[PDB]
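Enquirer: Build me a structure from this.
(chains A, B and C)
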Amino acid sequence: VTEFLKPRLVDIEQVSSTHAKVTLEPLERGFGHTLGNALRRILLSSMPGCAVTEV
Amino acid sequence: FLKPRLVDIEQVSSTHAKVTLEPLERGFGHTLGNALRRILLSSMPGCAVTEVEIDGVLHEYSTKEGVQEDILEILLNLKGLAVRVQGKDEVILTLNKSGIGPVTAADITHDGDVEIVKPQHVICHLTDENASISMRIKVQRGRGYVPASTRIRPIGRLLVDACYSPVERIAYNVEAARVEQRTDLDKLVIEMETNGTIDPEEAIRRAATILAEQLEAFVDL
Amino acid sequence: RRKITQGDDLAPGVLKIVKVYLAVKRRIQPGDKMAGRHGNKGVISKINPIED
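Expert: Numbering: from 1, shown residues only, chains lettered A, B, ... in the order given. Below is the structure:
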(Lines give C-alpha, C1' and ligand atoms only; values in the text may rest on other atoms or scores of the structure.)
Protein backbone atom coordinates (compact mmCIF):
# COMPACT_ATOMS: atom_id res chain seq x y z
CA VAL A 1 0.00 0.00 0.00
CA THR A 2 3.10 2.25 0.33
CA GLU A 3 5.10 0.39 -2.36
CA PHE A 4 5.20 2.37 -5.65
CA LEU A 5 7.31 1.52 -8.71
CA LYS A 6 10.61 3.36 -8.17
CA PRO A 7 11.91 5.03 -11.36
CA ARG A 8 15.34 3.88 -12.61
CA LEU A 9 17.36 6.21 -14.89
CA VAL A 10 17.60 3.78 -17.84
CA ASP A 11 19.50 6.28 -20.04
CA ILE A 12 21.30 9.65 -19.57
CA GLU A 13 22.18 10.40 -23.21
CA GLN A 14 24.38 13.51 -23.55
CA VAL A 15 24.04 15.01 -27.07
CA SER A 16 26.53 17.68 -25.88
CA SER A 17 28.19 18.44 -22.53
CA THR A 18 25.52 21.20 -22.30
CA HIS A 19 22.56 19.09 -23.59
CA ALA A 20 21.44 15.85 -21.87
CA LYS A 21 18.24 13.71 -22.22
CA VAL A 22 17.83 11.66 -18.98
CA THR A 23 14.86 9.22 -19.14
CA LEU A 24 13.24 6.99 -16.45
CA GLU A 25 11.28 3.96 -17.79
CA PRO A 26 8.85 3.08 -14.87
CA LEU A 27 7.87 6.00 -12.52
CA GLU A 28 4.10 5.69 -11.80
CA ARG A 29 0.82 6.58 -13.59
CA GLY A 30 0.50 10.39 -13.43
CA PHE A 31 3.83 10.69 -11.55
CA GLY A 32 6.17 11.43 -14.45
CA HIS A 33 4.47 14.79 -15.00
CA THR A 34 4.52 15.51 -11.23
CA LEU A 35 8.26 14.82 -10.81
CA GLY A 36 8.98 16.55 -14.14
CA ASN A 37 6.99 19.71 -13.31
CA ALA A 38 8.54 19.90 -9.84
CA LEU A 39 12.06 19.46 -11.24
CA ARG A 40 11.50 21.98 -14.07
CA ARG A 41 10.43 24.85 -11.80
CA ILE A 42 13.11 24.18 -9.15
CA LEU A 43 16.07 24.30 -11.56
CA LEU A 44 14.53 27.04 -13.78
CA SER A 45 13.74 29.60 -11.03
CA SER A 46 15.38 28.35 -7.79
CA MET A 47 18.79 26.88 -8.81
CA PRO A 48 21.33 29.60 -7.77
CA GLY A 49 24.07 30.88 -10.15
CA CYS A 50 26.93 33.44 -10.00
CA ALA A 51 26.23 35.54 -13.14
CA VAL A 52 25.24 39.14 -12.18
CA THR A 53 24.62 40.72 -15.59
CA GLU A 54 24.30 44.27 -14.18
CA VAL A 55 27.83 45.83 -14.39
CA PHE B 1 17.51 28.32 2.13
CA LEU B 2 14.58 27.56 4.46
CA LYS B 3 12.49 24.46 5.20
CA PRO B 4 8.70 24.36 5.66
CA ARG B 5 6.80 23.09 8.70
CA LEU B 6 3.20 22.08 9.37
CA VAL B 7 2.90 24.88 11.90
CA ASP B 8 -0.91 24.72 11.77
CA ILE B 9 -3.29 21.83 11.08
CA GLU B 10 -6.86 23.04 11.59
CA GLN B 11 -9.84 20.69 11.32
CA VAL B 12 -12.48 23.16 10.14
CA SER B 13 -14.75 20.17 9.51
CA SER B 14 -14.59 16.40 9.85
CA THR B 15 -14.68 15.91 6.08
CA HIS B 16 -12.15 18.58 5.07
CA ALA B 17 -9.26 20.21 6.94
CA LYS B 18 -6.71 22.88 6.07
CA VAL B 19 -2.96 22.29 6.39
CA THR B 20 -0.50 25.19 6.50
CA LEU B 21 3.18 25.17 5.48
CA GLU B 22 4.59 28.49 6.65
CA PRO B 23 8.39 28.53 6.06
CA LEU B 24 8.32 28.35 2.26
CA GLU B 25 10.44 30.48 -0.04
CA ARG B 26 9.28 32.14 -3.24
CA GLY B 27 8.66 29.65 -6.04
CA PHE B 28 9.17 26.65 -3.77
CA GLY B 29 5.69 27.08 -2.32
CA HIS B 30 3.84 26.85 -5.63
CA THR B 31 5.89 23.83 -6.75
CA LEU B 32 5.30 22.00 -3.47
CA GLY B 33 1.60 22.83 -3.58
CA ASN B 34 1.13 21.50 -7.10
CA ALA B 35 3.24 18.38 -6.51
CA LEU B 36 1.52 17.61 -3.21
CA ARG B 37 -1.92 18.06 -4.75
CA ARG B 38 -1.09 15.75 -7.65
CA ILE B 39 0.49 13.06 -5.47
CA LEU B 40 -2.41 13.21 -3.01
CA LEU B 41 -5.11 12.99 -5.68
CA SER B 42 -3.28 10.24 -7.57
CA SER B 43 -2.07 7.72 -4.98
CA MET B 44 -2.89 7.71 -1.27
CA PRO B 45 -3.54 4.68 0.96
CA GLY B 46 -7.23 4.26 1.64
CA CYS B 47 -9.93 1.85 2.75
CA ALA B 48 -12.91 0.89 0.61
CA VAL B 49 -15.14 -2.14 0.20
CA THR B 50 -14.13 -4.54 -2.55
CA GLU B 51 -16.43 -7.57 -2.19
CA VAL B 52 -19.94 -7.84 -0.79
CA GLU B 53 -21.92 -11.03 -0.15
CA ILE B 54 -25.60 -10.44 0.49
CA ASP B 55 -26.87 -13.68 1.98
CA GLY B 56 -30.17 -13.73 0.11
CA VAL B 57 -29.26 -12.59 -3.42
CA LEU B 58 -27.21 -14.39 -6.05
CA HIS B 59 -26.16 -11.55 -8.35
CA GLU B 60 -26.04 -7.77 -8.14
CA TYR B 61 -28.70 -7.36 -10.85
CA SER B 62 -31.54 -8.59 -8.68
CA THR B 63 -33.94 -7.47 -5.97
CA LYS B 64 -34.37 -8.64 -2.39
CA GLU B 65 -37.74 -8.68 -0.64
CA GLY B 66 -38.29 -6.03 2.00
CA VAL B 67 -35.48 -3.82 0.65
CA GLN B 68 -36.52 -0.57 -1.01
CA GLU B 69 -33.34 -0.21 -3.06
CA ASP B 70 -31.89 -2.67 -5.55
CA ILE B 71 -29.00 -4.94 -4.64
CA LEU B 72 -26.92 -3.05 -7.19
CA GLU B 73 -28.12 0.13 -5.49
CA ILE B 74 -26.87 -1.32 -2.21
CA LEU B 75 -23.47 -1.96 -3.80
CA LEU B 76 -23.38 1.57 -5.22
CA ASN B 77 -24.13 3.00 -1.78
CA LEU B 78 -21.53 0.75 -0.15
CA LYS B 79 -18.84 1.72 -2.66
CA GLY B 80 -18.69 5.23 -1.21
CA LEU B 81 -18.55 4.09 2.41
CA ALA B 82 -16.33 5.91 4.92
CA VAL B 83 -14.17 3.20 6.52
CA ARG B 84 -10.78 3.39 8.25
CA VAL B 85 -8.84 0.29 9.31
CA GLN B 86 -5.57 0.00 11.23
CA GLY B 87 -3.68 -3.25 11.71
CA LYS B 88 -4.52 -6.07 9.32
CA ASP B 89 -4.87 -5.06 5.67
CA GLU B 90 -8.23 -6.73 4.93
CA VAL B 91 -11.25 -7.06 7.22
CA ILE B 92 -14.75 -8.48 6.74
CA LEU B 93 -17.62 -6.51 8.28
CA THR B 94 -20.98 -8.13 8.98
CA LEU B 95 -24.29 -6.27 8.73
CA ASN B 96 -27.46 -7.73 10.24
CA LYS B 97 -30.42 -5.42 10.83
CA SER B 98 -34.07 -6.47 10.93
CA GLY B 99 -37.36 -4.61 10.88
CA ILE B 100 -38.40 -1.28 9.44
CA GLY B 101 -36.10 1.70 9.09
CA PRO B 102 -33.17 2.47 6.79
CA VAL B 103 -29.97 0.62 7.61
CA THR B 104 -26.86 2.69 8.26
CA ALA B 105 -23.14 2.11 8.64
CA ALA B 106 -23.78 2.12 12.39
CA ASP B 107 -25.88 -1.01 11.90
CA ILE B 108 -22.75 -2.90 10.82
CA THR B 109 -21.17 -5.01 13.55
CA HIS B 110 -18.35 -3.07 15.19
CA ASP B 111 -14.87 -4.58 15.23
CA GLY B 112 -11.85 -3.36 17.16
CA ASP B 113 -9.59 -2.49 14.24
CA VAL B 114 -12.24 -0.85 12.03
CA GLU B 115 -14.25 2.23 13.01
CA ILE B 116 -16.71 3.84 10.60
CA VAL B 117 -16.05 7.52 9.94
CA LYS B 118 -19.66 8.17 8.90
CA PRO B 119 -22.20 5.96 10.73
CA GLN B 120 -25.05 8.24 9.62
CA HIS B 121 -24.42 7.26 5.99
CA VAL B 122 -27.32 5.26 4.58
CA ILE B 123 -26.87 1.92 2.83
CA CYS B 124 -30.43 0.81 2.04
CA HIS B 125 -33.97 1.05 3.39
CA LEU B 126 -35.69 -1.89 5.08
CA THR B 127 -39.37 -1.42 4.24
CA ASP B 128 -40.70 -4.63 5.81
CA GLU B 129 -40.71 -5.54 9.49
CA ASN B 130 -40.70 -9.24 8.60
CA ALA B 131 -37.81 -8.90 6.16
CA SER B 132 -34.18 -8.75 7.27
CA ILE B 133 -30.82 -8.14 5.61
CA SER B 134 -27.54 -9.98 6.17
CA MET B 135 -24.26 -9.28 4.41
CA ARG B 136 -20.50 -9.63 4.71
CA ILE B 137 -18.58 -6.69 3.25
CA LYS B 138 -14.85 -7.14 2.71
CA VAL B 139 -12.65 -4.04 3.00
CA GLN B 140 -8.98 -3.89 2.01
CA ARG B 141 -6.48 -1.10 1.49
CA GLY B 142 -5.32 -0.09 -1.98
CA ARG B 143 -4.26 2.83 -4.14
CA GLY B 144 -5.95 4.88 -6.83
CA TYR B 145 -8.89 3.24 -8.58
CA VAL B 146 -9.32 -0.50 -9.17
CA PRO B 147 -12.16 -1.58 -11.49
CA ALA B 148 -14.13 -4.65 -10.45
CA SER B 149 -13.25 -6.47 -13.68
CA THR B 150 -9.51 -5.96 -13.14
CA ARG B 151 -9.62 -7.69 -9.76
CA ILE B 152 -9.43 -11.49 -10.04
CA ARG B 153 -15.10 -17.32 -6.24
CA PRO B 154 -18.69 -18.57 -5.69
CA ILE B 155 -21.69 -16.96 -7.33
CA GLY B 156 -22.74 -15.41 -4.03
CA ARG B 157 -19.76 -13.08 -3.68
CA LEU B 158 -20.32 -9.81 -5.54
CA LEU B 159 -17.39 -7.80 -6.89
CA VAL B 160 -17.70 -4.03 -6.42
CA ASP B 161 -15.32 -1.50 -7.94
CA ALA B 162 -12.93 -0.13 -5.33
CA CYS B 163 -12.20 3.59 -5.01
CA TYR B 164 -9.39 3.67 -2.46
CA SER B 165 -8.78 7.42 -2.76
CA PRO B 166 -9.68 9.04 0.59
CA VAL B 167 -9.25 12.60 -0.72
CA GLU B 168 -12.01 13.93 -2.96
CA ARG B 169 -11.17 17.61 -3.54
CA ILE B 170 -7.80 19.25 -2.89
CA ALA B 171 -6.79 22.89 -3.32
CA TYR B 172 -3.64 24.75 -2.29
CA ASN B 173 -3.44 28.52 -1.82
CA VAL B 174 -0.10 30.33 -1.91
CA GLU B 175 -0.04 33.68 -0.11
CA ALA B 176 2.70 35.84 1.35
CA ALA B 177 3.82 34.77 4.81
CA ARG B 178 3.43 37.07 7.80
CA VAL B 179 7.11 36.83 8.79
CA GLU B 180 8.73 40.25 9.13
CA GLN B 181 12.42 39.34 9.49
CA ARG B 182 12.67 38.17 5.86
CA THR B 183 10.17 39.25 3.21
CA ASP B 184 9.04 37.47 0.01
CA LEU B 185 8.37 34.31 2.04
CA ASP B 186 5.00 32.76 1.20
CA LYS B 187 3.01 30.36 3.34
CA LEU B 188 1.19 27.46 1.69
CA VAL B 189 -2.29 26.48 2.87
CA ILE B 190 -3.62 23.16 1.56
CA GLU B 191 -7.26 22.18 2.08
CA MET B 192 -8.13 18.51 1.57
CA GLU B 193 -11.76 17.51 1.11
CA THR B 194 -11.58 13.90 2.28
CA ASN B 195 -14.03 11.13 3.06
CA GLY B 196 -12.68 11.43 6.62
CA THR B 197 -10.83 8.11 6.73
CA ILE B 198 -7.36 9.63 6.31
CA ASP B 199 -5.64 11.92 8.80
CA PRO B 200 -4.72 15.29 7.22
CA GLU B 201 -1.23 15.70 8.69
CA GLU B 202 -0.48 12.01 8.20
CA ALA B 203 -1.67 12.18 4.59
CA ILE B 204 0.54 15.20 3.88
CA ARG B 205 3.57 13.55 5.48
CA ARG B 206 2.95 10.29 3.60
CA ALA B 207 2.65 12.15 0.30
CA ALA B 208 5.87 14.02 1.06
CA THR B 209 7.59 10.70 1.69
CA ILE B 210 6.29 9.13 -1.53
CA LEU B 211 7.58 12.17 -3.41
CA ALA B 212 10.94 11.88 -1.63
CA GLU B 213 11.55 8.21 -2.47
CA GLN B 214 10.34 8.89 -6.02
CA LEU B 215 12.72 11.86 -6.04
CA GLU B 216 15.61 9.86 -4.55
CA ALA B 217 15.98 8.15 -7.93
CA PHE B 218 17.20 11.33 -9.63
CA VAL B 219 20.18 11.84 -7.31
CA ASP B 220 23.11 9.66 -8.31
CA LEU B 221 24.01 6.51 -6.41
CA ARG C 1 -49.65 -22.69 -12.68
CA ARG C 2 -51.04 -25.03 -15.39
CA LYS C 3 -50.08 -22.46 -18.06
CA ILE C 4 -46.46 -22.65 -16.74
CA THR C 5 -46.73 -26.48 -16.33
CA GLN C 6 -47.93 -27.09 -19.92
CA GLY C 7 -45.00 -27.18 -22.34
CA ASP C 8 -44.93 -23.83 -24.18
CA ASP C 9 -45.82 -24.09 -27.89
CA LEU C 10 -42.48 -23.98 -29.78
CA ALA C 11 -41.32 -23.67 -33.42
CA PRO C 12 -41.75 -27.13 -35.06
CA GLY C 13 -38.72 -29.46 -34.89
CA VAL C 14 -37.28 -27.86 -31.72
CA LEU C 15 -37.47 -30.01 -28.54
CA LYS C 16 -36.49 -27.14 -26.18
CA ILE C 17 -35.01 -23.60 -26.32
CA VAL C 18 -33.05 -22.19 -23.34
CA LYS C 19 -32.97 -18.36 -23.27
CA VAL C 20 -29.88 -17.36 -21.28
CA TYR C 21 -29.78 -13.65 -20.46
CA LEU C 22 -26.31 -12.12 -20.16
CA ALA C 23 -25.96 -8.87 -18.21
CA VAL C 24 -22.79 -6.78 -18.44
CA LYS C 25 -21.83 -3.44 -16.87
CA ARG C 26 -20.34 -1.55 -19.78
CA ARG C 27 -18.40 1.49 -18.56
CA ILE C 28 -16.86 4.53 -20.19
CA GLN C 29 -14.21 3.33 -22.62
CA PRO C 30 -11.92 5.45 -24.79
CA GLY C 31 -13.64 5.91 -28.13
CA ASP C 32 -17.16 5.72 -26.69
CA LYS C 33 -19.49 8.21 -28.35
CA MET C 34 -20.72 10.85 -25.91
CA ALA C 35 -22.85 13.81 -26.97
CA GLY C 36 -24.57 16.76 -25.40
CA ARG C 37 -28.17 17.70 -26.06
CA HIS C 38 -27.02 20.50 -28.38
CA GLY C 39 -25.38 18.09 -30.84
CA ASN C 40 -21.70 18.33 -29.87
CA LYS C 41 -21.06 14.64 -30.49
CA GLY C 42 -17.63 13.29 -29.62
CA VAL C 43 -15.69 10.20 -28.68
CA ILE C 44 -13.86 9.81 -25.38
CA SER C 45 -10.25 10.42 -26.38
CA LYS C 46 -8.56 9.49 -23.11
CA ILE C 47 -9.53 8.50 -19.57
CA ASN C 48 -7.52 11.30 -18.04
CA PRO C 49 -6.44 10.91 -14.40
CA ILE C 50 -8.23 13.20 -11.98
CA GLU C 51 -5.06 15.03 -10.94
CA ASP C 52 -4.20 15.80 -14.56
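Enquirer: mind checking the SS state of the residue lying closest to residue A:15 once chain neighbours are set aside?
Expert: Leaving out its chain neighbours, the residue that sits closest to residue A:15 by C-beta to C-beta, 6 or more residues apart in numbering or on different chains is residue A:21, at 6.8 Å. C-betas here are computed from N, CA, C, even on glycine. Assigned by DSSP: H, G, I helix; E, B strand; the rest coil, the conformation of residue A:21 is strand.
Enquirer: quick one, what contacts the closest residue to chain B within chain C?
Expert: Nearest to chain B, among the residues of chain C, is residue C:51, at 3.8 Å (C-beta to the nearest C-beta). Residue C:51 makes contacts with A:30, A:34, B:37, B:38, B:41, B:42, as judged by C-beta atoms under 8 Å, 6 or more residues apart in numbering or on different chains.
Enquirer: Just list the residues touching the spatially closest residue to it that is not a sequence neighbour, thanks.
Expert: Distance criterion C-beta to C-beta, 6+ apart; nearest residue to residue C:51, sequence neighbours excluded, is residue B:41 at 3.8 Å. Each residue near residue B:41 by C-beta under 8 Å, 6+ apart is listed here: B:165, B:167, B:170, C:49, C:50, C:51.
Enquirer: What is the nearest of the residues you listed to residue A:53?
Expert: For these, the residue nearest residue A:53 by C-beta to C-beta is residue C:51; the value is 38.2 Å.
Enquirer: For that closest one, pull up the helix or strand it's in.
Expert: Following DSSP states H and E, one finds residue C:51 outside all helices and strands.
Enquirer: Just the buried ones among the contacts of residue B:41, please.
Expert: B:165, B:167, B:170, C:51 (16 or more other C-beta atoms under 10 Å in any protein chain shown).
Enquirer: Show me the helices in chain B, by range?
Expert: Using DSSP state H, the helices of chain B run over B:28-42, B:71-79, B:200-216.
Enquirer: hmm, who's touching the shortest one?
Expert: Looking back up the chat, that one is helix B:71-79. Applying C-beta under 8 Å, 6+ apart, the set of residues contacting helix B:71-79 is B:48-49, B:52, B:54, B:57, B:59-64, B:67, B:69, B:121-124, B:135, B:137, B:158, B:160-163.
Enquirer: Restrict these to the buried ones and give me that as a ChimeraX selection.
Expert: Listed next is the ChimeraX selection for buried residues among the contacts of helix B:71-79, using 16+ other C-beta under 10 Å:
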select /B:48,49,52,54,57,60,64,67,69,121,123,124,135,137,158,160,161,162,163
